[PDB]
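First come two forms of one protein chain, each written alone as C-alpha coordinates, so that there is a structure 1 and a structure 2.
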Structure 1
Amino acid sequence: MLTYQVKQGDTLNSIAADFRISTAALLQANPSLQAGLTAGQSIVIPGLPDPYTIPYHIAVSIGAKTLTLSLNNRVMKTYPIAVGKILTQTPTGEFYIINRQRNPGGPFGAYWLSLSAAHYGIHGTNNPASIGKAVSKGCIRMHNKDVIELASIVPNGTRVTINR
(Lines of atoms letter the chains of each structure in order from A and count residues from 1; the text may use other names and numbers.)
(Lines give C-alpha, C1' and ligand atoms only; values in the text may rest on other atoms or scores of the structure.)
Protein backbone atom coordinates (compact mmCIF):
# COMPACT_ATOMS: atom_id res chain seq x y z
CA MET A 1 0.00 0.00 0.00
CA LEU A 2 1.14 3.54 -0.84
CA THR A 3 2.91 5.23 2.08
CA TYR A 4 3.63 8.85 2.86
CA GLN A 5 6.21 10.41 5.18
CA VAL A 6 4.73 13.10 7.41
CA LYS A 7 6.50 16.45 7.09
CA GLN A 8 6.68 19.30 9.59
CA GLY A 9 3.74 21.57 8.84
CA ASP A 10 1.49 18.76 7.59
CA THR A 11 -2.05 18.50 8.95
CA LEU A 12 -4.66 15.78 8.58
CA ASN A 13 -6.49 18.04 6.14
CA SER A 14 -3.46 19.15 4.13
CA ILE A 15 -2.51 15.52 3.55
CA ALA A 16 -6.12 14.66 2.70
CA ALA A 17 -6.19 17.40 0.07
CA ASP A 18 -3.00 16.20 -1.63
CA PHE A 19 -4.32 12.65 -1.92
CA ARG A 20 -7.97 13.52 -2.65
CA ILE A 21 -9.41 11.55 0.26
CA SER A 22 -11.60 12.29 3.26
CA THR A 23 -10.00 12.65 6.69
CA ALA A 24 -12.39 9.87 7.69
CA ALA A 25 -10.72 7.52 5.19
CA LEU A 26 -7.28 8.76 6.21
CA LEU A 27 -7.99 8.04 9.89
CA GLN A 28 -9.64 4.66 9.19
CA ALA A 29 -6.47 3.52 7.42
CA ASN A 30 -4.18 4.80 10.18
CA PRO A 31 -5.14 3.95 13.80
CA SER A 32 -1.73 5.31 14.85
CA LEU A 33 -2.87 8.86 14.03
CA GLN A 34 -5.07 8.89 17.12
CA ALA A 35 -1.85 9.47 19.06
CA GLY A 36 -1.00 12.52 16.97
CA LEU A 37 0.49 13.51 13.62
CA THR A 38 4.29 13.64 13.87
CA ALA A 39 6.96 14.49 11.30
CA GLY A 40 9.06 11.55 10.16
CA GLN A 41 6.33 8.98 10.75
CA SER A 42 4.85 6.96 7.91
CA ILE A 43 1.16 6.74 7.08
CA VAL A 44 -0.77 4.74 4.50
CA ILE A 45 -2.87 6.44 1.84
CA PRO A 46 -6.14 4.55 1.21
CA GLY A 47 -7.99 4.28 -2.11
CA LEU A 48 -5.02 3.33 -4.29
CA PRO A 49 -3.65 0.14 -5.88
CA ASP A 50 -0.21 -0.91 -4.64
CA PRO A 51 2.08 1.45 -6.61
CA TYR A 52 4.96 -1.03 -6.40
CA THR A 53 3.26 -3.47 -8.76
CA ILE A 54 2.29 -0.81 -11.32
CA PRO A 55 4.31 -1.42 -14.51
CA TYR A 56 3.48 2.03 -15.89
CA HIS A 57 5.54 5.16 -15.29
CA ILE A 58 4.99 8.74 -16.45
CA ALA A 59 7.97 11.05 -16.97
CA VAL A 60 7.46 14.76 -17.56
CA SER A 61 10.05 17.18 -18.90
CA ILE A 62 9.16 20.79 -18.19
CA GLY A 63 12.07 21.96 -20.35
CA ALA A 64 11.31 19.74 -23.34
CA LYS A 65 7.56 20.18 -22.86
CA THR A 66 7.00 16.45 -23.23
CA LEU A 67 5.31 13.67 -21.28
CA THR A 68 6.42 10.10 -21.79
CA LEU A 69 4.40 7.03 -20.87
CA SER A 70 6.48 3.91 -20.20
CA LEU A 71 5.48 0.30 -19.61
CA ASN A 72 8.03 -2.03 -18.02
CA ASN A 73 10.59 0.77 -18.26
CA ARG A 74 10.25 1.09 -22.04
CA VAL A 75 8.40 3.91 -23.78
CA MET A 76 4.87 3.42 -25.13
CA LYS A 77 3.96 6.96 -26.14
CA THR A 78 5.38 10.49 -26.10
CA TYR A 79 3.15 13.57 -26.03
CA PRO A 80 3.72 17.33 -26.21
CA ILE A 81 2.36 19.25 -23.23
CA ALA A 82 1.73 22.71 -21.86
CA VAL A 83 3.28 23.54 -18.48
CA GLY A 84 3.14 26.34 -15.92
CA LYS A 85 4.15 29.93 -16.63
CA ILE A 86 7.49 31.11 -15.26
CA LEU A 87 5.80 32.71 -12.20
CA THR A 88 3.38 29.81 -11.72
CA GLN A 89 5.45 26.79 -12.64
CA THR A 90 4.58 23.12 -12.75
CA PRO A 91 6.22 21.68 -9.61
CA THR A 92 9.14 19.26 -9.98
CA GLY A 93 9.41 16.02 -8.03
CA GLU A 94 7.65 12.70 -7.51
CA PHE A 95 3.87 12.49 -7.76
CA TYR A 96 1.13 9.91 -8.32
CA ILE A 97 -1.99 9.81 -10.45
CA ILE A 98 -4.72 9.80 -7.77
CA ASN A 99 -7.99 9.76 -9.71
CA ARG A 100 -9.61 10.89 -12.95
CA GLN A 101 -12.83 12.40 -14.23
CA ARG A 102 -14.15 11.98 -17.76
CA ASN A 103 -15.17 15.04 -19.82
CA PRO A 104 -14.88 17.86 -17.26
CA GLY A 105 -15.14 20.20 -20.24
CA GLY A 106 -14.26 23.87 -20.38
CA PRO A 107 -10.55 24.61 -20.03
CA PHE A 108 -10.04 21.06 -18.72
CA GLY A 109 -11.07 19.26 -21.91
CA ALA A 110 -11.69 15.54 -22.27
CA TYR A 111 -10.21 14.34 -18.95
CA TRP A 112 -8.81 15.47 -15.65
CA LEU A 113 -6.22 13.30 -13.92
CA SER A 114 -5.47 14.37 -10.34
CA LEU A 115 -1.85 14.51 -9.24
CA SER A 116 -0.87 13.99 -5.58
CA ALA A 117 -0.37 17.74 -5.11
CA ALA A 118 -3.47 19.74 -4.11
CA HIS A 119 -5.10 21.46 -7.13
CA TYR A 120 -2.60 19.98 -9.60
CA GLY A 121 -3.33 17.56 -12.37
CA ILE A 122 -2.88 16.49 -15.96
CA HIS A 123 -5.78 17.55 -18.17
CA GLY A 124 -6.97 18.31 -21.69
CA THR A 125 -7.48 21.76 -23.15
CA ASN A 126 -9.86 23.99 -25.04
CA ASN A 127 -6.81 25.87 -26.34
CA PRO A 128 -4.60 23.81 -28.69
CA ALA A 129 -2.17 26.69 -29.28
CA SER A 130 -1.17 26.48 -25.61
CA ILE A 131 0.35 23.01 -26.04
CA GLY A 132 4.14 23.23 -26.21
CA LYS A 133 4.28 26.48 -24.24
CA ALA A 134 4.87 27.56 -20.63
CA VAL A 135 1.44 29.13 -20.15
CA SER A 136 -0.58 27.33 -17.45
CA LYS A 137 -1.26 28.03 -13.77
CA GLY A 138 0.83 24.94 -13.05
CA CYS A 139 -1.08 21.95 -14.44
CA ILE A 140 0.17 19.83 -17.29
CA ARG A 141 -2.09 20.24 -20.34
CA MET A 142 -2.34 17.90 -23.32
CA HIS A 143 -4.39 17.77 -26.51
CA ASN A 144 -7.72 16.05 -25.77
CA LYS A 145 -6.98 13.07 -28.01
CA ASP A 146 -3.74 12.52 -26.08
CA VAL A 147 -5.15 12.78 -22.56
CA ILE A 148 -7.91 10.36 -23.57
CA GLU A 149 -5.28 7.83 -24.62
CA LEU A 150 -3.34 8.40 -21.41
CA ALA A 151 -6.33 8.10 -19.08
CA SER A 152 -7.62 5.00 -20.84
CA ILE A 153 -4.38 3.20 -20.04
CA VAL A 154 -2.83 4.26 -16.74
CA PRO A 155 -4.30 3.26 -13.37
CA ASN A 156 -4.52 5.38 -10.26
CA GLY A 157 -1.30 4.99 -8.31
CA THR A 158 0.89 5.39 -11.41
CA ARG A 159 4.03 7.43 -10.68
CA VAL A 160 4.55 10.79 -12.33
CA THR A 161 8.12 12.07 -12.19
CA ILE A 162 8.50 15.72 -13.15
CA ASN A 163 11.93 17.05 -14.10
CA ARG A 164 13.31 20.32 -15.49
Structure 2
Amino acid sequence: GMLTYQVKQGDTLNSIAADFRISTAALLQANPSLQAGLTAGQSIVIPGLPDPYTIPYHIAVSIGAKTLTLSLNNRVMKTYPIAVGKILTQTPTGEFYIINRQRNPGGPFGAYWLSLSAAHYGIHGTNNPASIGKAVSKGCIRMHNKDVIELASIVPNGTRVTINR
Protein backbone atom coordinates (compact mmCIF):
# COMPACT_ATOMS: atom_id res chain seq x y z
CA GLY A 1 0.00 0.00 0.00
CA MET A 2 0.82 3.72 -0.27
CA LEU A 3 0.75 6.57 2.23
CA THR A 4 -1.13 9.68 1.05
CA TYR A 5 -0.21 13.02 2.58
CA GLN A 6 -2.47 16.08 2.70
CA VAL A 7 -0.36 19.18 1.91
CA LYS A 8 -0.77 21.91 4.49
CA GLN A 9 -0.50 25.66 4.14
CA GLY A 10 3.13 26.52 4.82
CA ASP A 11 4.50 23.22 3.57
CA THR A 12 7.33 23.43 1.08
CA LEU A 13 8.90 20.56 -0.83
CA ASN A 14 11.89 20.84 1.49
CA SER A 15 9.83 20.74 4.68
CA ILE A 16 7.73 17.74 3.61
CA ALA A 17 10.83 15.77 2.67
CA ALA A 18 12.36 16.56 6.09
CA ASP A 19 9.17 15.60 7.92
CA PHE A 20 9.16 12.18 6.28
CA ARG A 21 12.94 11.68 6.48
CA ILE A 22 13.36 11.55 2.66
CA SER A 23 14.97 13.54 -0.17
CA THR A 24 13.06 16.09 -2.22
CA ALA A 25 14.24 14.11 -5.26
CA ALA A 26 12.55 10.94 -3.98
CA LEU A 27 9.43 12.95 -3.17
CA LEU A 28 9.49 14.37 -6.72
CA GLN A 29 9.97 10.94 -8.29
CA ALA A 30 6.94 9.53 -6.48
CA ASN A 31 4.94 12.55 -7.64
CA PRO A 32 6.12 13.63 -11.11
CA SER A 33 3.42 16.32 -11.35
CA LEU A 34 5.07 18.21 -8.46
CA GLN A 35 7.52 19.36 -11.13
CA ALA A 36 5.22 22.40 -11.13
CA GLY A 37 5.34 23.04 -7.38
CA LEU A 38 2.95 22.55 -4.45
CA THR A 39 -0.62 23.57 -3.61
CA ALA A 40 -2.22 23.60 -0.15
CA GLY A 41 -4.99 21.01 0.14
CA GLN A 42 -3.75 18.73 -2.62
CA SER A 43 -2.85 15.12 -1.78
CA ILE A 44 0.51 13.49 -2.64
CA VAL A 45 2.20 10.12 -2.10
CA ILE A 46 5.05 9.60 0.37
CA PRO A 47 7.26 6.84 -1.01
CA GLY A 48 8.41 3.86 0.99
CA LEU A 49 5.80 3.95 3.76
CA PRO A 50 2.85 1.62 4.51
CA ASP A 51 -0.81 2.65 4.23
CA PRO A 52 -1.93 4.15 7.58
CA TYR A 53 -5.56 3.57 6.73
CA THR A 54 -5.44 -0.25 6.76
CA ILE A 55 -4.02 -0.20 10.31
CA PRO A 56 -6.74 -0.69 12.94
CA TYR A 57 -4.65 0.89 15.69
CA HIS A 58 -4.85 4.62 16.40
CA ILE A 59 -2.95 6.68 18.96
CA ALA A 60 -4.40 9.79 20.61
CA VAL A 61 -2.19 12.19 22.58
CA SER A 62 -3.53 14.82 24.97
CA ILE A 63 -1.02 17.51 25.88
CA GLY A 64 -3.27 18.82 28.63
CA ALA A 65 -4.01 15.45 30.20
CA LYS A 66 -0.42 14.23 29.64
CA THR A 67 -1.68 10.94 28.22
CA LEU A 68 -1.10 8.74 25.21
CA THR A 69 -4.13 6.53 24.50
CA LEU A 70 -3.91 3.51 22.20
CA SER A 71 -7.12 2.33 20.54
CA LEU A 72 -7.98 -0.66 18.38
CA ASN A 73 -10.95 0.09 16.12
CA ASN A 74 -12.39 2.77 18.44
CA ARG A 75 -11.90 0.57 21.51
CA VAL A 76 -9.39 1.92 24.05
CA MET A 77 -6.67 -0.69 24.74
CA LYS A 78 -3.99 1.17 26.73
CA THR A 79 -3.52 4.57 28.39
CA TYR A 80 -0.02 5.77 29.34
CA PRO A 81 1.32 8.85 31.16
CA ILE A 82 3.72 11.04 29.14
CA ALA A 83 6.04 14.03 29.31
CA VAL A 84 5.31 16.79 26.76
CA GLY A 85 7.06 19.96 25.60
CA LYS A 86 7.68 22.99 27.79
CA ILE A 87 6.33 26.40 26.79
CA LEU A 88 9.15 27.53 24.49
CA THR A 89 9.47 24.06 22.93
CA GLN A 90 5.96 22.65 22.79
CA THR A 91 4.82 19.31 21.44
CA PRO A 92 3.26 19.99 18.02
CA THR A 93 -0.47 19.34 17.45
CA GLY A 94 -2.20 17.76 14.47
CA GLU A 95 -2.26 14.50 12.51
CA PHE A 96 0.97 12.53 12.28
CA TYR A 97 2.21 9.00 11.60
CA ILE A 98 4.80 6.73 13.13
CA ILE A 99 7.29 6.37 10.27
CA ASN A 100 10.20 4.36 11.64
CA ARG A 101 11.80 3.12 14.84
CA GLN A 102 15.10 2.40 16.56
CA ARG A 103 15.55 -0.03 19.45
CA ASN A 104 17.99 0.78 22.27
CA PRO A 105 18.74 4.42 21.34
CA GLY A 106 19.92 5.12 24.90
CA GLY A 107 20.66 8.47 26.53
CA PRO A 108 17.60 10.66 26.95
CA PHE A 109 15.80 8.39 24.47
CA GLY A 110 15.87 5.33 26.73
CA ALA A 111 14.66 1.96 25.47
CA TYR A 112 13.02 2.87 22.15
CA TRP A 113 12.63 5.74 19.69
CA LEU A 114 9.59 5.96 17.34
CA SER A 115 9.86 8.65 14.65
CA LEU A 116 6.85 10.90 14.03
CA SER A 117 6.17 12.61 10.69
CA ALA A 118 7.42 15.97 11.94
CA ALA A 119 11.13 16.59 11.46
CA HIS A 120 13.15 15.87 14.62
CA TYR A 121 10.14 14.70 16.66
CA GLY A 122 9.32 11.28 18.05
CA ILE A 123 7.92 9.19 20.87
CA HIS A 124 10.64 7.81 23.12
CA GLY A 125 11.54 6.39 26.53
CA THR A 126 13.58 8.20 29.15
CA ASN A 127 16.58 8.15 31.48
CA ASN A 128 14.66 10.47 33.80
CA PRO A 129 11.51 8.70 35.07
CA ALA A 130 10.58 11.71 37.25
CA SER A 131 10.02 13.73 34.07
CA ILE A 132 7.03 11.61 33.01
CA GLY A 133 3.72 13.42 33.52
CA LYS A 134 5.32 16.88 33.25
CA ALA A 135 5.60 19.54 30.52
CA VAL A 136 9.42 19.51 30.54
CA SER A 137 10.48 18.11 27.15
CA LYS A 138 11.96 19.68 23.99
CA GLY A 139 8.73 18.66 22.23
CA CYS A 140 9.11 14.93 21.91
CA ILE A 141 6.72 12.69 23.73
CA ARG A 142 8.46 10.82 26.58
CA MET A 143 7.23 7.57 28.12
CA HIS A 144 8.43 5.22 30.82
CA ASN A 145 10.77 2.67 29.19
CA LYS A 146 8.44 -0.27 29.94
CA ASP A 147 5.57 1.65 28.32
CA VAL A 148 7.33 2.62 25.07
CA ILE A 149 8.56 -0.99 24.75
CA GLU A 150 4.97 -2.22 25.06
CA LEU A 151 3.63 0.41 22.65
CA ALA A 152 6.24 -0.46 20.03
CA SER A 153 5.50 -4.20 20.37
CA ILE A 154 1.85 -3.52 19.49
CA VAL A 155 1.75 -0.86 16.75
CA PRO A 156 3.32 -1.09 13.26
CA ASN A 157 4.97 1.64 11.24
CA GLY A 158 2.35 3.81 9.56
CA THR A 159 0.20 4.01 12.71
CA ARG A 160 -1.79 7.25 12.97
CA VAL A 161 -0.98 9.58 15.89
CA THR A 162 -3.36 12.48 16.58
CA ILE A 163 -2.01 15.15 18.95
CA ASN A 164 -4.45 17.53 20.65
CA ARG A 165 -4.11 20.26 23.26
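Basically, rigid core = biggest C-alpha set you can superpose within 1.5 Å across the two forms. Residue positions are counted from 1 along structure 1's sequence.
Among the candidates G106, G40, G63, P55, the CA atom that moves 2 angstroms or more between structures 1 and 2 after core superposition belongs to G40 alone.
The interdomain rotation between structures 1 and 2, with the chain split into two rigid parts and fitted on C-alpha atoms, amounts to 21°.
Aligning the rigid core leaves the CA of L27 displaced by 4.1 Å between structures 1 and 2.
Aligning the rigid core between structures 1 and 2 leaves the CA of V6 offset by 4.0 Å. In the core-aligned comparison between structures 1 and 2, the Cα atom of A17 sits 1.8 Å away from its counterpart.
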